[PDB]
file start.txt (compact mmCIF, C-alpha atoms)
# COMPACT_ATOMS: atom_id res chain seq x y z
CA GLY A 258 -55.59 -14.03 -0.52
CA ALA A 259 -54.32 -15.48 -3.82
CA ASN A 260 -50.84 -14.39 -2.70
CA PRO A 261 -48.48 -17.38 -2.61
CA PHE A 262 -44.77 -16.83 -2.04
CA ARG A 263 -43.31 -19.96 -3.66
CA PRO A 264 -43.25 -18.84 -7.36
CA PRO A 265 -39.57 -17.92 -7.99
CA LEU A 266 -40.81 -15.75 -10.93
CA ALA A 267 -38.43 -12.83 -10.31
CA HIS A 268 -40.14 -10.81 -13.08
CA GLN A 269 -37.77 -9.37 -15.69
CA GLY A 270 -36.04 -6.70 -13.62
CA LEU A 271 -36.17 -2.92 -13.76
CA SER A 272 -35.13 -0.44 -16.46
CA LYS A 273 -32.39 1.98 -15.29
CA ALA A 274 -33.95 5.13 -16.83
CA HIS A 275 -31.21 7.43 -15.53
CA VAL A 276 -28.21 7.45 -13.18
CA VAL A 277 -28.08 9.39 -9.90
CA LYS A 278 -24.80 10.91 -10.85
CA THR A 279 -24.21 12.56 -14.22
CA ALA A 280 -21.05 11.63 -16.12
CA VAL A 281 -18.82 14.63 -16.79
CA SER A 282 -17.53 15.14 -20.34
CA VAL A 283 -13.78 15.63 -20.65
CA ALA A 284 -12.05 17.41 -23.52
CA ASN A 285 -10.55 15.12 -26.14
CA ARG A 286 -6.76 15.33 -26.45
CA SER A 287 -5.16 13.71 -29.49
CA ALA A 288 -1.43 13.08 -30.02
CA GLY A 289 1.18 13.16 -32.77
CA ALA A 290 0.29 13.18 -36.47
CA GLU A 291 2.05 12.57 -39.79
CA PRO A 292 4.36 15.63 -39.31
CA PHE A 293 5.00 14.95 -35.62
CA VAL A 294 8.48 16.55 -35.58
CA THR A 295 10.60 13.48 -36.38
CA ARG A 296 14.27 13.24 -37.33
CA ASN A 297 15.03 11.97 -40.83
CA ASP A 298 18.02 14.11 -42.10
CA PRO A 299 17.79 12.89 -45.72
CA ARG A 300 19.29 15.93 -47.46
CA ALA A 301 21.10 18.14 -44.90
CA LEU A 302 21.00 20.58 -47.85
CA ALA A 303 23.80 22.79 -49.19
CA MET A 304 23.45 26.56 -48.77
CA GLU A 305 25.88 28.24 -51.16
CA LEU A 306 27.11 31.59 -49.87
CA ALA A 307 25.83 34.46 -52.03
CA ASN A 308 28.67 36.81 -50.97
CA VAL B 413 -14.65 22.66 10.57
CA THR B 414 -12.54 24.72 12.98
CA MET B 415 -11.91 23.18 16.40
CA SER B 416 -11.72 24.89 19.80
CA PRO B 417 -8.95 25.54 22.35
CA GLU B 418 -10.87 23.43 24.87
CA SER B 419 -10.69 20.50 22.45
CA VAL B 420 -7.01 21.22 21.82
CA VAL B 421 -6.13 21.15 25.52
CA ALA B 422 -8.37 18.13 26.22
CA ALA B 423 -6.60 16.20 23.45
CA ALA B 424 -3.43 16.23 25.56
CA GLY B 425 -3.56 14.14 28.72
CA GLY B 426 -2.18 14.98 32.13
CA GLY B 427 -5.51 15.98 33.65
CA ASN B 428 -5.87 15.35 37.36
CA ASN B 429 -8.20 12.78 38.90
CA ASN B 430 -11.92 12.97 38.11
CA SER B 431 -11.28 15.40 35.24
CA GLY B 432 -11.99 13.10 32.27
CA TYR B 433 -8.92 14.10 30.24
CA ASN B 434 -6.43 12.24 32.44
CA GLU B 435 -5.49 10.19 29.36
CA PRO B 436 -4.97 11.68 25.89
CA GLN B 437 -8.25 12.21 24.05
CA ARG B 438 -8.94 11.20 20.45
CA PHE B 439 -11.84 12.51 18.37
CA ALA B 440 -13.43 11.47 15.08
CA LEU B 441 -15.68 13.37 12.67
CA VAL B 442 -18.92 11.74 11.51
CA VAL B 443 -21.27 13.17 8.88
CA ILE B 444 -24.67 11.90 7.73
CA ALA B 445 -27.18 13.23 5.21
CA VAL B 446 -30.85 12.62 4.44
CA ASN B 447 -32.22 12.45 0.90
CA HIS B 448 -35.39 11.69 -1.06
CA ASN B 449 -35.99 8.87 -3.52
CA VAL B 450 -38.72 7.46 -5.76
CA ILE B 451 -39.90 3.84 -5.64
CA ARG B 452 -42.02 2.33 -8.42
CA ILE B 453 -44.29 -0.66 -7.72
CA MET B 454 -45.42 -2.52 -10.83
CA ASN B 455 -45.86 -6.11 -12.04
CA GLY B 456 -45.83 -7.17 -8.40
CA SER B 457 -42.29 -5.81 -8.10
CA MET B 458 -40.29 -2.85 -6.81
CA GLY B 459 -37.26 -0.75 -7.61
CA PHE B 460 -35.87 2.72 -8.13
CA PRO B 461 -36.65 3.97 -11.66
CA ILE B 462 -33.83 6.51 -11.42
CA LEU B 463 -31.50 4.22 -9.40

call {"tool": "encode", "arguments": {"input": "start.txt", "output": "structure tokens"}}
result
Amino acid sequence: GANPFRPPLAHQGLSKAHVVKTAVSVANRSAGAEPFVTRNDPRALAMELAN
Amino acid sequence: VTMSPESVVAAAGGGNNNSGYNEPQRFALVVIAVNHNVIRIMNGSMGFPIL
């Protein structure tokens, strides 16, 4: 039948076109930035009383 | 799933002889499902295109 079983030729494989289960998309949540409420107390200022 | 009073009473033992629930009874829930799939035969090979 021209159908031998010996050849280990396992082809190339199979292309996974899609996945059975879709991947949900979560909302991106960043974090602190340059003015991320930090303590530095350089000046402490001086508020003169007007009256 | 909501169980039944017969199951509730059969869970506790103490049944008389030839009643089946002489000893405490334990139950387990089993669920199976049946689904479709697609198989592609090419290059003398096989596999699920959608996986």

call {"tool": "atom_distance", "arguments": {"input": "start.txt", "atom1": "atom CA of residue B:437", "atom2": "atom CA of residue B:423"}}
result
4.4 Å

call {"tool": "closest_atom_pairs", "arguments": {"input": "start.txt", "of": "chain A", "to": "chain B", "cutoff": "7 Å", "atoms": "all atoms listed in the file", "output": "Markdown table"}}
result
| residue | atom | partner | partner_atom | distance |
| --- | --- | --- | --- | --- |
| A:271 | CA | B:459 | CA | 6.6 |
| A:272 | CA | B:461 | CA | 6.7 |
| A:273 | CA | B:461 | CA | 5.9 |
| A:274 | CA | B:462 | CA | 5.6 |
| A:275 | CA | B:462 | CA | 5.0 |
| A:276 | CA | B:463 | CA | 6.0 |
| A:277 | CA | B:463 | CA | 6.2 |

call {"tool": "atom_distance", "arguments": {"input": "start.txt", "atom1": "atom CA of residue B:440", "atom2": "atom CA of residue B:417"}}
result
16.5 Å

call {"tool": "atom_distance", "arguments": {"input": "start.txt", "atom1": "atom CA of residue A:290", "atom2": "atom CA of residue A:303"}}
result
28.4 Å

call {"tool": "residues_near_point", "arguments": {"input": "start.txt", "point": "(-14.1, 14.2, 9.7)", "cutoff": "12 Å", "atoms": "only C-alpha atoms", "output": "PDB file with C-alpha atoms, keeping the file's coordinate frame"}}
result
ATOM      1  CA  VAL B 413     -14.650  22.660  10.570  1.00  0.00           C
ATOM      2  CA  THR B 414     -12.540  24.720  12.980  1.00  0.00           C
ATOM      3  CA  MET B 415     -11.910  23.180  16.400  1.00  0.00           C
ATOM      4  CA  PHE B 439     -11.840  12.510  18.370  1.00  0.00           C
ATOM      5  CA  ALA B 440     -13.430  11.470  15.080  1.00  0.00           C
ATOM      6  CA  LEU B 441     -15.680  13.370  12.670  1.00  0.00           C
ATOM      7  CA  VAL B 442     -18.920  11.740  11.510  1.00  0.00           C
ATOM      8  CA  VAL B 443     -21.270  13.170   8.880  1.00  0.00           C
ATOM      9  CA  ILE B 444     -24.670  11.900   7.730  1.00  0.00           C
TER      10      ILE B 444
END

call {"tool": "decode", "arguments": {"input": "start.txt", "residues": "stretch 427-442 of chain B", "atoms": "N, CA, C and O atoms", "output": "compact mmCIF listing (two decimals), in the first residue's frame"}}
result
# COMPACT_ATOMS: atom_id res chain seq x y z
N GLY B 427 -29.58 3.46 60.84
CA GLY B 427 -30.65 2.68 60.25
C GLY B 427 -30.60 1.23 60.70
O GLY B 427 -29.53 0.66 60.94
N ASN B 428 -31.77 0.63 60.82
CA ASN B 428 -31.86 -0.75 61.28
C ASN B 428 -31.35 -1.70 60.20
O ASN B 428 -30.91 -1.29 59.12
N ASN B 429 -31.39 -2.99 60.50
CA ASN B 429 -30.84 -4.00 59.60
C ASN B 429 -31.62 -4.04 58.29
O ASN B 429 -32.83 -3.84 58.25
N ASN B 430 -30.88 -4.31 57.21
CA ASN B 430 -31.45 -4.40 55.86
C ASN B 430 -32.16 -3.11 55.47
O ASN B 430 -33.22 -3.13 54.83
N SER B 431 -31.59 -1.97 55.86
CA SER B 431 -32.11 -0.67 55.47
C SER B 431 -31.15 0.14 54.61
O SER B 431 -31.55 1.18 54.09
N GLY B 432 -29.90 -0.30 54.46
CA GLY B 432 -28.93 0.37 53.62
C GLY B 432 -28.15 1.49 54.29
O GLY B 432 -26.94 1.59 54.12
N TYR B 433 -28.84 2.33 55.06
CA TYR B 433 -28.20 3.45 55.75
C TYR B 433 -27.89 3.13 57.20
O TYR B 433 -27.98 3.99 58.08
N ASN B 434 -27.51 1.87 57.47
CA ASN B 434 -27.06 1.50 58.81
C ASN B 434 -25.82 2.29 59.20
O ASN B 434 -25.71 2.77 60.34
N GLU B 435 -24.88 2.44 58.29
CA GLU B 435 -23.69 3.25 58.46
C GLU B 435 -23.90 4.63 57.85
O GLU B 435 -24.75 4.81 56.97
N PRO B 436 -23.16 5.64 58.31
CA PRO B 436 -23.29 6.97 57.71
C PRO B 436 -22.97 6.93 56.22
O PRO B 436 -22.07 6.22 55.78
N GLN B 437 -23.72 7.72 55.45
CA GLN B 437 -23.62 7.72 54.00
C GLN B 437 -22.94 8.99 53.51
O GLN B 437 -23.24 10.09 53.98
N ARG B 438 -22.00 8.82 52.58
CA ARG B 438 -21.26 9.93 51.98
C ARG B 438 -21.54 9.97 50.49
O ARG B 438 -21.57 8.93 49.82
N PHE B 439 -21.76 11.18 49.97
CA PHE B 439 -22.08 11.38 48.56
C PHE B 439 -21.06 12.31 47.93
O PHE B 439 -20.44 13.13 48.60
N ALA B 440 -20.91 12.18 46.61
CA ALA B 440 -20.03 13.03 45.83
C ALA B 440 -20.75 13.47 44.56
O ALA B 440 -21.54 12.72 44.00
N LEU B 441 -20.46 14.70 44.12
CA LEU B 441 -21.07 15.25 42.92
C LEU B 441 -20.11 15.12 41.74
O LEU B 441 -18.95 15.52 41.83
N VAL B 442 -20.61 14.57 40.63
CA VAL B 442 -19.83 14.38 39.42
C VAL B 442 -20.56 15.04 38.26
O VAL B 442 -21.79 14.92 38.14
